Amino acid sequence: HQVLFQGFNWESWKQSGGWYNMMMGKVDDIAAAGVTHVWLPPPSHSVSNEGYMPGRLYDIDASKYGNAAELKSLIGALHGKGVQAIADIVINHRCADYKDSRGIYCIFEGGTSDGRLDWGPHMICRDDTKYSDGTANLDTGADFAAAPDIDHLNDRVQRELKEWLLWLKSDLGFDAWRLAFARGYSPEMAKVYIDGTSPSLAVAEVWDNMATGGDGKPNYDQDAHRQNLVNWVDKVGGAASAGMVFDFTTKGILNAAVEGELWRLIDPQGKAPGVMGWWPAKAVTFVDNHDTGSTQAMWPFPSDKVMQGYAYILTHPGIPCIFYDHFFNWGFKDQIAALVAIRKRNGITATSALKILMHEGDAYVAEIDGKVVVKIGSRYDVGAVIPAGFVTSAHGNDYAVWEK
């Protein structure tokens, strides 16, 4: 059994009294709902309020979300209830506290009295000429325009970041990682940090654009998109590696599918169309995160159909990740909990088997491990598709789950 929970949204830093402090009162509900891991925001000093422009990595007290004591307290609370903590690791780029003699912000400060992470432009990818001094290696991946991109091929860089990551585990209690903007460096580099820090899991955010048509809708065939994702996992170490990826393929298809196009939910081989259908053990599914949803809303799930999104990922192969707002703010708390309960009770895991029973525009029906049947869609009556022995146990707007 494994169910993730993103424990913050894009407005969290703003929480009166501190975000971690407020999360303490949510721990028991999260644990009781069957969550096994909670993904927490980037914990260090950041030039940006949300934490995605990290500077003094060791300076946890400067975080807008709360300080080290407050963070350790939350992680300890989660651990007391048997839930693990995943930290949002932002290492593609970094902001330097000080300017060099060129007036460029490229002299770093790790946040400790000694020289840990006190880098210079020599650690900035040479091709990021907005900040580099031309001496470093070429960036192993994509660039982040608003800040210096780090040269992960630099030995001191690899050594000091691994040192830092191990301190997050030993000093704050983090168990695992969420690799922010993993397209920014190669899978080979991600392997260095993953293999060198032994996380219970390392879920990478590898976000590639999805193929779409002239009408704006994603193509039915998204094999190229999930292929990129499995190729990343292969390169990071495959089955032996703790690394895995967010299933953006499933997110994109699902966004469009629920709009009366549920025939999109099966590929020509009879399998789920996203990463879930090719390497479920490595696919972390989700309805929305702080980027696609929340106040950023870069690619929100159709608002009136969110529970169909959860009826899908919570009963299916892959590792589902519940979004904070959906659980505590949309009034779906009991319904989501019931779905997680059905998943756990029937022993459904990331590798459970999926047998699709119906895949028409307004009706998708699937059977998992021969023990659960789920339906989503605007077509009310699918009773002729339900196998004998199955009784309904959860249901709401345009979705229903049976157990037999």
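Numbers for residues come from their place in the sequence shown, where the first is 1.
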Of 218 to 226 and 132 to 140, the stretch whose C-alpha atoms average the higher B-factor in the entry: 132 to 140
291 to 299 versus 93 to 101 - greater average Cα B-factor per the deposited record: 93 to 101
Among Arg159, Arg178, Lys251, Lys305 - the residue whose C-alpha B-factor is largest in the record: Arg159
Residue, from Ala281, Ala145, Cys321, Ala202, that the PDB entry assigns the highest Cα B-factor: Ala145
Chain-wide C-alpha B factor ranking for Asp28, given as lowest, middle or highest third: highest
Third of chain Cα B-factors occupied by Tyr185: middle
Lowest, middle or highest third - CA B-factor, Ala211: highest
CA B-factor ranking of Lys191, expressed as a third of its chain: middle
B-factor third for the C-alpha atom of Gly80 within its chain: middle
